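Here we start with a single chain on its own, the form deposited without the partner chain, put down as structure tokens.
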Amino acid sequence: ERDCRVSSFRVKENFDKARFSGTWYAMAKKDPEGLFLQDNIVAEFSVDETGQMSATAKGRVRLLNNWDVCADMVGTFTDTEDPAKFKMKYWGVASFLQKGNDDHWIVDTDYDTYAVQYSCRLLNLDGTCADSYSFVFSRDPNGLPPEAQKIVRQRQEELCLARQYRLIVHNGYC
């Protein structure tokens, strides 16, 4: 019944980069293929005077043969015609860390409590996403209040992802 075409997904009306700035703790993640950020994931968003949004992120990543490292990542956002949809160029402070460019959508936020982010890296031929990821962020590292949690679950369902998240732990690893 429900529409899982990426082109159908609503995103945050009138998204305000300035209001979104500061520290966001990842509470939950839906992983893409070949997942990178594992846990202890914390993002820091900024906007400069030209209106350009950027971010940094810290988190544990586990490169194969199970060698744990705290990745330190950088992202810069190019605006599109939709104020809530961006192209995110990203890299690690270390050369060998994963680099790339992903769509970055702010699906919903109330700026001071919760945010839902979404990226489709590759479409299916029917317009659904073949390879997606999604973060749920909280301003409080101890989690969302119930009213926000309930809104977020609705958005997760609207993205056709609600069954596919895992919780992100924070335990000072970094």
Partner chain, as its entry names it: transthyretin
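Residue numbers count along the first chain shown, from 1. Heads up, when I say rigid core I mean the largest set of C-alphas that superpose within 1.5 Å between the two forms.
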Check: Superpose by the rigid core: which stretch, 65 to 73 or 41 to 49, shows more Cα shift in 8 other deposited structures of this protein?
Finding: 65 to 73
Margin query: Comparing against the shown form in 8 other deposited structures of this protein, which stretch has the larger RMS C-alpha deviation after a rigid core superposition, 106 to 114 or 27 to 35?
Written below: 27 to 35
Check: Out of 61 to 69 and 109 to 117, which stretch has the higher average CA B-factor listed in the record?
Finding: 61 to 69
Item checked: Stretch with the higher entry mean CA B-factor, where the candidates are 142 to 150 and 40 to 48 -> 40 to 48
Checklist line | Criterion, highest CA B-factor; candidates, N14, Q156, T23, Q164 | finding: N14
Note to self: What third of the chain does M53 rank in for C-alpha temperature factor, lowest, middle or highest?
What the structure shows: highest
Notebook entry, point to check: What third of its chain, lowest, middle or highest, does the C-alpha temperature factor of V6 fall into?
Noted result: lowest
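As for the form solved in complex with the partner chain, it is not shown, yet the points below apply to it.
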Next item on the list: Look at the stretches 138 to 146, 56 to 64, 109 to 117, 123 to 131 and give the one with heavy atoms within 4.5 Å of the partner chain in the deposited complex.
Entry: 56 to 64
Margin query: Under a 4.5 Å heavy atom criterion, is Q98 part of the interface with the partner chain in the deposited complex?
Written below: yes
Notebook entry, point to check: in the deposited complex, does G92 have a heavy atom within 4.5 Å of the partner chain?
Noted result: yes
